[PDB]
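These notes concern the structure reproduced below.
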Amino acid sequence: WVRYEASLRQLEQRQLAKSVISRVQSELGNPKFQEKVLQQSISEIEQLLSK
Amino acid sequence: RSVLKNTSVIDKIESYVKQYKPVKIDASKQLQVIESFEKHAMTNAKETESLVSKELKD
Amino acid sequence: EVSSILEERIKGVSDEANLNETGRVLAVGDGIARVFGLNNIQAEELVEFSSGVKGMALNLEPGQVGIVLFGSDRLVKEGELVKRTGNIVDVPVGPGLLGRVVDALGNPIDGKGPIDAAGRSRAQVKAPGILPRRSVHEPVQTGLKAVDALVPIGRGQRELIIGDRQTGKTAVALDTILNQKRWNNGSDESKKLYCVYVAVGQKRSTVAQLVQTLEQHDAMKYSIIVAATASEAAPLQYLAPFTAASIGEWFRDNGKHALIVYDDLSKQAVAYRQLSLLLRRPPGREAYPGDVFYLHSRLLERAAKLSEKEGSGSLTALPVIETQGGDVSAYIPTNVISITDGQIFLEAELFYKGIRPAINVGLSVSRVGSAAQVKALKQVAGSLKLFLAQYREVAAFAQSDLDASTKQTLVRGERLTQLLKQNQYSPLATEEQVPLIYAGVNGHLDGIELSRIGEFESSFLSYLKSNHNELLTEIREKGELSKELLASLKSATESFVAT
């Protein structure tokens, strides 16, 4: 019973793994792909000034 | 039952073990029939003993 | 649950820092890459490529650094950015590696998630000096007669196990781990070996059978398995024994007794050969590079019985050498033999010819093994090696007529050899080995007809326990056979002989 319980958790995790891939393909579609480059830009501005 | 999530079987076998915790009765009960074999044996024992004691001195 | 653990992990991604990173890959393939930049780099660093794979910098050259890819070349490619880990190759070491299969990157291939590890420690670490080194005193008991008697094995020692491939090669070692289940599941930590099984170059399937056997004997909890299978990359295989020994050293440097079995160092040689050739460094004898001696010797001498200062830690090495045809003059075997204390050459011919386990008594030696033996196993086993090297002589010249003196030796000898044999994957207790050796030595098994020897063993042991397990308890604690015990045992054994 414990063994299959662990197996179900692993199965859930790989199911949620392919859902992560699906979410990644969605993210890279959005012009959040464009807009977040601005976020990275300002973050790097803050970061590198903190260097 | 602090790692199983597919529960409701730990209480089942807990109860099955603690239920049949009284296991079937002791098998001390041959001591009348076992005693009888000893009686037969004793008859033979005494026969041998008395005979050979007599014969030795003879 | 699974959501919470994943969420915790996602939260644990948080920002990248600036620092000296970035080399750019140029000439790559042949499992080495030539990177441009990496101007200040510690020697033998771990670098992680942005190909998501790591390599160990080997050649620091004017204007270029030549990484060696510790991992697949498939994902590495030209003009990739190589980022400095900034740290020399270290591997997590600690207490929580116990009962966890891990691969060579320390990734849990038992898949029981992140390993609990106290520290990380550099892959190469020099062996302790003369001053930290105390001569062996505690034995290692394998539970197999003759493998404790004729071959006396003691803690710290680099005690070679040499023999031919797949003669159930693994089994000799497995039995050792199993016998020491008794002591290791003990409460005395002086009687706790923490045993590491290094599986190099073995099929992942085979390792899975081994893992399953170990978990069947519930032996996983006192042992670690490190795995670098045959499929797994040769540079990883090269670093595989070294990493395992670092883990072993953490136990040793807790002053706690430990043991490490390196299966099979011969396959490390082939790996180092491959690596060397791909670094196009000139090949040595049998095409094995000239630094092959250095490779094995640096590895082997890290296994030791340290002194009281170091807390008297042990790290008993059992390195498993796979001889090509029983080529006992072959370069790799001879090089190993010279480093190692003793040999445990296993007689293949006899193995095939129904002696399991088969130990070539002549080609088994143990340099300092015999002072590890406990007095019971010195007294009872006194001169049995000589006797069976009189059996060795006797059967040498047996091949016409036999004088009664010779015949007596032959009758004992043949029967004694039968006694040595054990059932593969089922070792006997240490306590039990003492009477069995007593019987034959004290000539009780002289008369016993050859056919009933197997019966004699089981029945004798059952007899001893039933008649008086008190004797065995005494010999268990005393560990020395007193004159009274010796006489009592002579009497008791004679009693068993009668039945």
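As shown in the structure tokens, the chain order sets the letters A, B, ...; within each chain, residues go from 1, and ligands are also counted from 1 in the order they appear.
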Which of region 165-244 of chain C fall in helix (DSSP H, G or I), as number ranges by chain
C: 169-179, 181-184, 189-191, 204-216, 220-222, 234-244
Using only C-alpha atoms, what does the table of chain C residues within 9 Å of chain A look like, with each row giving the shortest atom pair and its distance in Å to one decimal, sorted by chain and ascending number, as JSON lines?
```
{"residue": "C:1", "atom": "CA", "partner": "A:9", "partner_atom": "CA", "distance": 8.6}
{"residue": "C:2", "atom": "CA", "partner": "A:13", "partner_atom": "CA", "distance": 6.4}
{"residue": "C:3", "atom": "CA", "partner": "A:13", "partner_atom": "CA", "distance": 8.3}
{"residue": "C:6", "atom": "CA", "partner": "A:13", "partner_atom": "CA", "distance": 8.6}
{"residue": "C:17", "atom": "CA", "partner": "A:47", "partner_atom": "CA", "distance": 8.2}
{"residue": "C:18", "atom": "CA", "partner": "A:48", "partner_atom": "CA", "distance": 7.7}
```
Could you make a table, as a Markdown table, of the residues of chain B that have an atom within 7 Å of an atom of chain A, each with its nearest atom pair and distance in Å to one decimal, counting only C-alpha atoms, in chain and number order?
```
| residue | atom | partner | partner_atom | distance |
| --- | --- | --- | --- | --- |
| B:4 | CA | A:2 | CA | 5.4 |
| B:5 | CA | A:5 | CA | 6.5 |
| B:6 | CA | A:5 | CA | 6.2 |
```
Report as a ChimeraX atom specification all protein, DNA and RNA residues lying within 7 Å of residue 312 (chain C), evaluated on only C-alpha atoms, omitting residues in the same chain fewer than 6 positions from it.
/C:255,305-306
How far is it from CA of residue 89 (chain C) to CA of residue 238 (chain C), in Å with one decimal?
13.0 Å
